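>
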Amino acid sequence: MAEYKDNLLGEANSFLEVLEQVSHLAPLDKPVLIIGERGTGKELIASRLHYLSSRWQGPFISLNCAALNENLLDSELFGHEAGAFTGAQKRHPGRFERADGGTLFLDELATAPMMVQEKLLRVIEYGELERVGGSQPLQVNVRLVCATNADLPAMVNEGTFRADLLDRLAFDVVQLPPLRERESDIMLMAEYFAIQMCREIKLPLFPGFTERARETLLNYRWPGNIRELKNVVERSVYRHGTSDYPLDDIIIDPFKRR
DNA sequence: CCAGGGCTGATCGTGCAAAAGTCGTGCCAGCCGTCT
Ligand SMILES: Nc1ncnc2c1ncn2[C@@H]1O[C@H](COP(=O)(O)OP(=O)(O)O)[C@@H](O)[C@H]1O
Numbered sequence: 001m002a003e004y005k006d007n008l009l010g011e012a013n014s015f016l017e018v019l020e021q022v023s024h025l026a027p028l029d030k031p032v033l034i035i036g037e038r039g040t041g042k043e044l045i046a047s048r049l050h051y052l053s054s055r056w057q058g059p060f061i062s063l064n065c066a067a068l069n070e071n072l073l074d075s076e077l078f079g080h081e082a083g084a085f086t087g088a089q090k091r092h093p094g095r096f097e098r099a100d101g102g103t104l105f106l107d108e109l110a111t112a113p114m115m116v117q118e119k120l121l122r123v124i125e126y127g128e129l130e131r132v133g134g135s136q137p138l139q140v141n142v143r144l145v146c147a148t149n150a151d152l153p154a155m156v157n158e159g160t161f162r163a164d165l166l167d168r169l170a171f172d173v174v175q176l177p178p179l180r181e182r183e184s185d186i187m188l189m190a191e192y193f194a195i196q197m198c199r200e201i202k203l204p205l206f207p208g209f210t211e212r213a214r215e216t217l218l219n220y221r222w223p224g225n226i227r228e229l230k231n232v233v234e235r236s237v238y239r240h241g242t243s244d245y246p247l248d249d250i251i252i253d254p255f256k257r258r
C-alpha cells in the first residue's frame, strides 16, 4: 500500500504505461508474469507489485529457482515439523508457508529443473501442502508473481518446460520495453548513475557531459540493458579522472585490445 | 530518571544404529540295537 522508496526514474512515456498497468494489478490476487530481457529492472517492478498490494504487510521472500537443491527439494519447499535433533522444540520452515500472508517472487523460471516444475505445479493448484511426516494438510494463501527473460513458448515447443504450469500461471503478463525502445531516459539515468559514482569513488564534483559523449552513447544499438548502461558510465567516469575537465571519452566495451 | 541494547549464563534434552550375539532347523558322522 505505502509506495516503498525505490528508483524507477520513469520518463520514457512507455515505462509510464507499464507502471500504470502494474499499478492496476497491485490489488488483485491473480498470478502475474513479468516478461523482459537481460537486466531491465524487473526486480523493481516485482517489488512494486508486492509492496503496493493489500498483503504488503506480509513477508516478501524471493526464492531463486536455480538455487534449490535437487534431492532436498521436498523439505526445502515444505519443511519438516520434526526437529533436527531429538526432543527439538522447533522445526525448520519450508519456502512455502514462510510466504503465507504475502507474495512469493520466483525468478529464472525457465531454468527451473523438471523436478521443481512438477513439484511446484501440484502445490499451487490445490494448496494443502503437507510437511514430510504426519498426515495433517495445511491450507495456504500465497500470491505468485514471476519474472523471466527466456522464451517459454519455445521452451514448451522443445518440451524442456511443462506447458501446464505455464498455462495455470499465465493469467496475465506485463511487457517491459528495452532501454533502446525507451531511448529518452538515457540522460537522466546517466546523470543519476554518475552522481552515485561521485560519492562511491569520493570524487569531489561531476565535471559534465560532452556532446561527443552524448552522441556516442545515444547512437548505440544497446543490446545491453540498463545495468550494461550503468556499468558503461561507471567505467568512463573513473577512467576520466578528477573532473578538472568535462567528461569526454566513453568506452563502450572494455575488451578491445588497443 | 526512564527506556533501549548487549551479554552472559541458565535451560533444554533418555534415542539411532551398527555389530555382536542368539535363535531355530538342517546335514552328516559315529555308536548302538536287532534280524538274518
Ligand atoms: N528504473 C530503474 N531505476 C534504477 N535502476 C534500474 C532501473 N531499471 C534497471 N535498473 C538497474 O538494472 C538492474 C536490473 O537488475 P535485474 O532486474 O535483476 O535484472 P534481471 O531481471 O535480468 O535479473 C538493477 O540492478 C538496477 O540497478
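According to PDB author numbering, the first sequence is numbered sequentially starting from 1. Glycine included, every Cβ here is placed at the ideal spot set by N, Cα and C.
1. When every heavy atom of ligand 1 is checked, does at least one fall within less than 8 Å of the C-beta of residue 111?
2. Thinking C-alpha only, which one of 116, 184, 100, 85 is nearest residue 162?
3. Within 8 Å: the Cβ of residue 242 and any heavy atom of ligand 1?
4. Given a cut-off of 9 Å on the beta-carbon distance, is the pair residue 33 and residue 112 in contact?
5. Can you tell me the Cα-Cα spacing of residue 65 and residue 106, whole angstroms?
6. Have a look at residue 251 and residue 231 and give me their C-alpha separation to the nearest angstrom.
7. Can you determine whether any heavy atom of ligand 1 sits closer than 8 Å to the C-beta of residue 224, and answer yes or no?
8. Can you have a look at residue 233 and say buried or exposed, based on whether 16 or more other CB atoms are within 10 angstroms of its CB?
9. Hey, out of 56, 11, 184, whose CA is closest to residue 27's CA?
10. Taking C-beta to C-beta, are residue 48 and residue 19 nearer than 9 Å?
11. Quick one, which of 123, 97, 81 has its alpha-carbon nearest residue 91's?
12. Would you mind reading off the limits of the alpha helix (DSSP H) that contains residue 231?
13. Hey, is residue 64 close to ligand 1, as in C-beta under 8 Å from one of its heavy atoms?
According to the structure data:
1. As a position in the first sequence, residue 111 is number 111, starting the count at 1. No - ligand 1 has no heavy atom lying nearer than 8 Å to the Cβ of residue 111.
2. Taking the first residue of the first sequence as position 1, residue 162 is located at position 162. Nearest of 116, 184, 100, 85 to residue 162, Cα basis: 116.
3. If you number the first sequence from 1, residue 242 lands on position 242. No - ligand 1 has no heavy atom lying nearer than 8 Å to the Cβ of residue 242.
4. Residue 33 sits at position 33 when you count from the first residue of the first sequence. Residue 112 sits at position 112 when you count from the first residue of the first sequence. Cβ atoms of residue 33 and residue 112: not closer than 9 Å.
5. To locate residue 65, count along the first sequence from 1; it is residue 65. To locate residue 106, count along the first sequence from 1; it is residue 106. The alpha-carbon atoms of residue 65 and residue 106 are separated by roughly 7 Å.
6. If you number the first sequence from 1, residue 251 lands on position 251. If you number the first sequence from 1, residue 231 lands on position 231. If I take the Cα positions, the gap works out to 10 Å.
7. What you label residue 224 is simply residue 224 of the first sequence in a count that begins at 1. False, no ligand heavy atom lies under 8 Å from that Cβ.
8. Here residue 233 refers to the residue found at position 233 of the first sequence. Label assigned to residue 233: buried.
9. Counting from one through the first sequence, the residue named residue 27 turns up at place 27. When each option's Cα is compared against that of residue 27, the closest is 56.
10. Position 48 of the first sequence, counted from the first residue, corresponds to residue 48. Position 19 of the first sequence, counted from the first residue, corresponds to residue 19. Contact: yes.
11. Taking the first residue of the first sequence as 1, we reach residue 91 at position 91. Checked all of 123, 97, 81; the closest Cα to residue 91 is 81.
12. One-based indexing of the first sequence puts residue 231 at position 231. 226–240 is the extent of the alpha helix (DSSP H) around residue 231.
13. Within the first sequence, residue 64 is the residue found at index 64, counting from 1. Answer for residue 64: no, Cβ out of range of ligand 1.
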